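Quick notes on the structure that follows.
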Amino acid sequence: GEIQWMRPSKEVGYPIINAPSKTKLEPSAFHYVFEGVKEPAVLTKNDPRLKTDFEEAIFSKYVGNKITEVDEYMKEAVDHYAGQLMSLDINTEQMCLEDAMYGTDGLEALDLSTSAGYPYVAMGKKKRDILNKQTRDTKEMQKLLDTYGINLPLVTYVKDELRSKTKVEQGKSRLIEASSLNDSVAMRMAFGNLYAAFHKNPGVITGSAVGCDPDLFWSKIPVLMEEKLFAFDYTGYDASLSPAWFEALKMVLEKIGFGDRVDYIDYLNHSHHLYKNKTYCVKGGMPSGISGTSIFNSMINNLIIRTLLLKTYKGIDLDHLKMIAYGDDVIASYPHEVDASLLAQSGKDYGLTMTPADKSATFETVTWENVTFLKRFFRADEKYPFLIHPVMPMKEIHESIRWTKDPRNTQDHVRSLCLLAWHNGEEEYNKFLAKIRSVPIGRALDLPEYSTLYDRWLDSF
Ligand code: NA
Numbered sequence: 001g002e003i004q005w006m007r008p009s010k011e012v013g014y015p016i017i018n019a020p021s022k023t024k025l026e027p028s029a030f031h032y033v034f035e036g037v038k039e040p041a042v043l044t045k046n047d048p049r050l051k052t053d054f055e056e057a058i059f060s061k062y063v064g065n066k067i068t069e070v071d072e073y074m075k076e077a078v079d080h081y082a083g084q085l086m087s088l089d090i091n092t093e094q095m096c097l098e099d100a101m102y103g104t105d106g107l108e109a110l111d112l113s114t115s116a117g118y119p120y121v122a123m124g125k126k127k128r129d130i131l132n133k134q135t136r137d138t139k140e141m142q143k144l145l146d147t148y149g150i151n152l153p154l155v156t157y158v159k160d161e162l163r164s165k166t167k168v169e170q171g172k173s174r175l176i177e178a179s180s181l182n183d184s185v186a187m188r189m190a191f192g193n194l195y196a197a198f199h200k201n202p203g204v205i206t207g208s209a210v211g212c213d214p215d216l217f218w219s220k221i222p223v224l225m226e227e228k229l230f231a232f233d234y235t236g237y238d239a240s241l242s243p244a245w246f247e248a249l250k251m252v253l254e255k256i257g258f259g260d261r262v263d264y265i266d267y268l269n270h271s272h273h274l275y276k277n278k279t280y281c282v283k284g285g286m287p288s289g290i291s292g293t294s295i296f297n298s299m300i301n302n303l304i305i306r307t308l309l310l311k312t313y314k315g316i317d318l319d320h321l322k323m324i325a326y327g328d329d330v331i332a333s334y335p336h337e338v339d340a341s342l343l344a345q346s347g348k349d350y351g352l353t354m355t356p357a358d359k360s361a362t363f364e365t366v367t368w369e370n371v372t373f374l375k376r377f378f379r380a381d382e383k384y385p386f387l388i389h390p391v392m393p394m395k396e397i398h399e400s401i402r403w404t405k406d407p408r409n410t411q412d413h414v415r416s417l418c419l420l421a422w423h424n425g426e427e428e429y430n431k432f433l434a435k436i437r438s439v440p441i442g443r444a445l446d447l448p449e450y451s452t453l454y455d456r457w458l459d460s461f
């Protein structure tokens, strides 16, 4: 991903986009009951905590483009992945506007809280004014489609979230590229059934885990993996994607019956953005945030891993490559041990910056004991080993509970954390509940006890 140019939006006929400048995150009733070191991300150039230029920091993610064309390994990767997907008999017909808007089997309805993007954001027109979830009305939307069409600019927002001290001082805040409601709708109409087919088939065939339920899915993963596991993290995955990777994705889509609408991928690859009073053009880089983002990042990941294995290990049997991606996150396996370090090396030549799994300093062997997926470990249940617990460490949960974005969602926020934490065991869970109940706010919450969550878990399979 590389920014071609950037300039005042007025110079190209666009209005200044108003974005919030004050975080919605404030210390919660548990701020001093639990240990934590993260704070709200810098949202503006004037943030006192900054120790470097903000604008420069937030756009530096666009490391550039390392490859122009789709090489022979990539083509091979494309044929193999496309072949697997073929086995799912994915419905290739476009999805009607009604479902693309209000959802259907395998596809949730459009999120009414998220941005409507340009130009609605500049006309103060919200989604709540465009769609009727109880009416399933598509006339207003249809009229808007006909009026403003598609391929509209994406609106760049700084993500309001918790970040480490270092990242705050270095202005390393993450960005959200909200596509226009029109594009989101047109895209869900074009790829709606693909999205659904993926949501309904999380696994090693789609090579995707998007739409999955960790509590149930974790028990299916081990059975799908080959003997030897391997993994690694990416640095700035989305932004590092070169145009070739988008072209490789289009080839996959063509081969599975969607060659009919690969043009929509161009909108993602070569895209223009609106940020504050500026407008810029980017070549490459996946717009982090758009409808389809995680699924397409996941598909491209399947292409990347395959490409690197072909490039590094001629004769590798991709039919025994068992991997599951969630955007840039990935858990993979092969009957034989592979060198993540070597793969990482091959990765550089493809514009990908790969590093040791889970922030390690060196590339160590990945095992069922130390592997994580979506920040969760895998732990067989003590009483019924065939049931696998997705275990997220208490550290991130402690960090999260120390802040709130709205006092009205305190019980939902805390219940949410409880569904994640109890998997760490009863001793830990009870310690967690006790601290919560050491302050008034917590004692007033309705939280499930351990045995209740355990029973609920067993009854969910
Ligand atoms: Na782009």
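Per the entry's author numbering: the sequence shown = residues 1 to 461.
By construction, the Cβ of each residue, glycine as well, lies at the ideal position given by its N, Cα and C atoms.
Once the 5 residues before and after residue i are set aside, which same chain residues still bring their CB inside 8 Å of it?
i	result
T23	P40, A41, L43, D160
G192	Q94, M95, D99, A100, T104, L107
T166	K172
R379	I388, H389, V391, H423
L88	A197, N201, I205, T206
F30	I401, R402, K435, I436, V439, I441, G442
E35	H398
Would you tell me roughly how many angstroms separate the C-alpha atoms of residue i and residue j, rounded to the nearest one?
i	j	result
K75	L224	25 Å
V252	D260	12 Å
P287	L249	15 Å
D446	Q411	7 Å
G149	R188	15 Å
residue 464	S400	Nothing about residue 464 can be reported from this structure: the residues present for the chain run from 1 to 461 only.
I67	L175	24 Å
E427	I388	18 Å
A57	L318	39 Å
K51	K45	10 Å
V330	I17	35 Å
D53	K322	43 Å
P385	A116	46 Å
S346	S333	18 Å
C418	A109	26 Å
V204	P222	11 Å
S208	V70	23 Å
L374	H413	19 Å
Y195	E169	38 Å
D455	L216	14 Å
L433	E369	27 Å
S179	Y264	12 Å
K133	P119	22 Å
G425	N277	50 Å
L453	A19	40 Å
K125	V158	21 Å
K405	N65	37 Å
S242	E382	46 Å
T365	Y313	18 Å
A186	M123	21 Å
Excluding the 5 residues preceding and the 5 following residue i in the sequence, name in chain order all residues of the same chain whose CB lies nearer than 6 Å to its CB.
i	result
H272	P153, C281
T206	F198
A77	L303, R306, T307
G171	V42, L50, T52, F54, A57
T279	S9, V12, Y14
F246	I265, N269
Go through its chain and collect everything with a Cβ distance to residue i's Cβ below 7 Å, but skip five positions before and after it.
i	result
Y429	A421, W422, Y450
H336	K228
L144	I130, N182
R376	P214, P390, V391, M392
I316	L309, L310
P448	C418
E226	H320, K322, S333, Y334, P335
How about residue i and residue j: are their beta carbons less than 8 Å apart?
i	j	result
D266	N301	no
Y237	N151	no
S113	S184	no
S164	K38	yes
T92	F258	yes
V33	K435	yes
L310	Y73	yes
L352	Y234	yes
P356	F230	no
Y102	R136	yes
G285	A244	no
(request) Using the beta-carbon of each residue, find all residues closer than 5 Å to any heavy atom of the ligand NA and list them in chain order. (result) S271, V282, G285
(message) Going residue by residue through the region 256-322, where are the continuous beta strand (DSSP E) segments of at least 3 residues, counting only ones entirely within it?
(response) 270-275, 278-283
(request) Identify every run of the beta strand (DSSP E) within the region 321-357, keeping only runs that are complete inside it and at least 3 residues long; order them along the chain. (result) 322-326, 329-334, 354-356
(request) Could you pull out every unbroken alpha helix (DSSP H) segment of at least 4 residues lying fully inside the region 113-160, listed in chain order? (result) 139-148
(message) Going residue by residue through the region 156-212, where are the continuous alpha helix (DSSP H) segments of at least 4 residues, counting only ones entirely within it?
(response) 165-169, 181-200
(request) Would you list, in sequence order, the uninterrupted alpha helix (DSSP H) runs of no fewer than 4 residues that lie entirely inside the region 20-94? (result) 54-59, 72-86
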